[PDB]
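Numbering (the working numbering), first residue to last: 1346 to 1603.
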Ligand SMILES: [Cl-]
Ligand SMILES: [Zn+2]
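Put into structure tokens, the structure is as follows:
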């Protein structure tokens, strides 16, 4: 595809192939903590990843995805703002060219070093491809990464990246437990939004955790050693694969806390 993260095909250009890029429910957004409103209707998140079955990790040319067997009916996100049950299909990250940027969501304009997205689809639509065509099709759990102590549960991910350095490379990645990527608190903000890469479909209930996970400088530096390009082609480090905050328009960000 033509789209990427370059000066001539990056986020500012996506609207030409995907006009929904200038839509009413685009993601990510800045979360203004002044105005985000606490909503007591909001239930605790239920994240059930004990039966989550990871399969493989793939460099797709703009990030790396860890893919799951989404036939596992117990590997589910539910509760919080959601009706029904959502199955984990993949996770990936967004990160920067340095520690001071990389997240897609911001909090009072603050950018984090990276952001993790755990992507789930609504079982009522049968599969992912059908779910993304519906406003309540996906639930994406977003988790900020900041630099400090190391996150032990991330280490298997960062250590495998050397073997998937270029576009198209993959590695077996079984027995990875995504519970090791979760912070202590499941306090969250939620709002209706979109995929943050093309096709940018407005099909996502976003659930963004308030508490970042801490990862070490070295862990996040390994992300930046990946390449956008395929093998044999001219080296281009995979960095700044984040879409900037988009207009909130007529949406309300709700907080599950305070
Ligand atoms: Cl490391
Ligand atoms: Zn993402």
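Each residue gets a CB set at the ideal place from its N, CA and C atoms; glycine is no exception.
*Consult DSSP for residue 1359 and reduce its assignment to one of helix, strand or coil.*
helix
*Just mark residue 1529 as buried or exposed, buried being the case when its beta carbon has 16 or more other beta carbons within 10 Å.*
exposed
_Suppose contacts are defined by Cβ-Cβ distances below 8 Å. Is residue 1409 in contact with residue 1433 by that definition?_
no
*Hey, would you say residue 1531 sits closer than 8 Å to residue 1554, going by beta carbons?*
yes
*Classify residue 1366 as helix, strand or coil using the three-state DSSP reduction.*
helix
_Contacting residues, own chain, Cβ-Cβ under 6 Å from residue 1576 (five flanking each side not counted)_ = 1511
*Is the beta carbon of residue 1597 within less than 7 Å of some heavy atom of ligand 1?*
no
_Just to confirm before moving on: does the CB-CB distance between residue 1359 and residue 1545 stay below 8 Å?_
yes
*asked:* Helix, strand or coil, according to DSSP, for residue 1398 in the structure here?
replied: coil
*In terms of alpha-carbon separation, which member of 1501, 1373 and 1368 lies closest to residue 1439?*
1373
_Beta-bridge partners of residue 1432, as assigned by DSSP_ = 1421 and 1466
*asked:* Just to confirm the assignment, what range does the alpha helix (DSSP H) spanning residue 1476 have?
replied: 1473-1476
*Nonlocal neighbours in the same chain, by C-beta distance under 7 Å from residue 1435, ignoring five residues either side*: 1410, 1411, 1412, 1413 and 1464
_beta-carbon residue 1541 near ligand 2 non-hydrogen atom, thresh 7 Å_ = yes
*asked:* Among 1355, 1425 and 1563, whose alpha-carbon lies nearest the alpha-carbon of residue 1388?
replied: 1425
*Quick one: residues in its chain with C-beta nearer than 7 Å to the C-beta of residue 1521, no 5 flanking neighbours on either side, listed in chain order?*
1399, 1411 and 1501
_Within 10 Å of its beta-carbon, does residue 1437 have 16 or more other beta-carbons around it, so buried, or fewer, so exposed?_
buried
_Exposed unless 16 or more other CB atoms sit within 10 angstroms - verdict on residue 1445_ = exposed
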